[PDB]
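In the deposited numbering, the protein residues as written are 1 to 152.
C-beta: ideal position from N, C-alpha, C; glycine also.
Following: one structure in structure tokens, then a few remarks.
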Ligand code: HEM
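So this is what it looks like as structure tokens:
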């Protein structure tokens with residue numbers, strides 16, 4: 001649960017992402033894969049990437065970063081009223097992709113890391129607080145659907 005002022009911070013931060021969605025999405029995925037190599041094994045279409053240079057050169061990885069961040073941005077713009085947008089993603093990630101909730105924690109922290117890396121000194125303490133709370137709400141509502149499905 002976020003206040004109006006917190007949602008305003010989230011959507012202000014998101015404007016930074018929307019100016020270069022593919023570059024942000026690329027770096028989020030590279031941070032996830034290099035920090036947590038077990039996550040790469042969930043992607044049949046990326047498991048061939050062995051080095052970070054290959055990851056950086058991959059146009060399909062940048063494409064997938066755009067897909068991921070476009071979906072997240074659509075959810076965030078709902079300011080918590082995201083049941084319809086979140087349900088299919090929870091269902092596909094539990095039943096088809098088999099993504100443990102831990103990996104959604106990993107990607108949440110990776111988003112925070114990338115924002116500081118690309119906007120150093122321009123991602124203030126209030127903005128980090130609000131973004132973190134928004135990613136926690138997203139993860140928590142996915143977790144409720146995972147529990148319904150019995151997925152661990
Ligand atoms: C911010 C969180 C994330 C968002 C918004 C997101 C969004 C999406 C979207 C929109 C798709 C395509 C449609 C679908 O299959 O439902 C997708 C596919 C996928 N997601 Fe996620 N995702 C997230 C986190 C992750 C994480 C943490 C993992 C794994 C570590 C992951 C693994 C996958 C895989 C395996 C696919 C299928 C890729 C394919 O082969 O083309 N997702 N995701």
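Close CB contacts of residue 85 within its chain, under the 7 Å cut and outside five residues either way in sequence, are with 74, 75, 78 (chain order). Between the alpha carbons of residue 134 and residue 7 lies a gap of roughly 8 Å. Boundaries of the alpha helix (DSSP H) harbouring residue 57: 52 to 57, taken from the DSSP string. Annotation for residue 137: 1, 2, 80 place their beta carbon closer than 8 Å to its own, counting only its chain and skipping 5 residues before and after. Between residue 110 and residue 146, the C-beta spacing is not below 8 Å. Pairwise C-beta distances place the segment 63 to 73 out of contact with the segment 95 to 106, as fewer than three of them are shorter than 8 Å.
Taking the CA atoms as reference points, residue 22 sits about 5 Å from residue 66.
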